[PDB]
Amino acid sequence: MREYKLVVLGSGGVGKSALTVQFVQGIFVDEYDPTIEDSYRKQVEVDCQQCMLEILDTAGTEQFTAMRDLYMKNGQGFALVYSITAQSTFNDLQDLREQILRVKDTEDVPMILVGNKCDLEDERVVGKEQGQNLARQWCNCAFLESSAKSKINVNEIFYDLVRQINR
């Protein structure tokens, strides 16, 4: 079956791992255990088709970032995640999107902007239109707000990337 290489990017503590393991294992990771290096693979069914998904979960907090360029070179689709409870994580994404375009050398790369922790509405410091308005600037890229905890739009992040790659 066909393989899809996805990379989950974003700053520390935004929920990259929580979204990933909720997607592959249906487990909610409550603890904050900073990632060093982790890759997951799971056979799924997207639009009546069985396919292999490779998901590289990156370290939001690392000292050496030389490998990021290589992860971007080999990935087919990218999920840029921020947390709606921390403004700096949202601000940090513009650099990641610019770096990806630079490495792929095209403005048309499968991508989805994800605002995680949407279940913490009372703690929101990044508005939804603020998030939607950033995605429109990035050539109208996909955008959604999720929650690894409540299971809101978790599967959607990954299926959408598979769908953009299929076009």
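Numbering starts at 1 and runs along the sequence shown.
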{"item": "Segment of higher mean CA temperature factor, 61-69 or 118-126", "value": "61-69"}
{"item": "94-102 versus 49-57 - greater average Cα B-factor per the deposited record", "value": "94-102"}
{"item": "Per the PDB entry, maximal CA B factor within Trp138, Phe28, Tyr40, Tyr32", "value": "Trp138"}
{"item": "Third assignment of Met1 from its chain's C-alpha B-factors", "value": "highest"}
{"item": "Chain third (lowest, middle, highest) by recorded CA B-factor, residue given as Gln76", "value": "middle"}
{"item": "Entry-reported Cα temperature factor of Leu113, expressed as the chain third it lands in", "value": "lowest"}
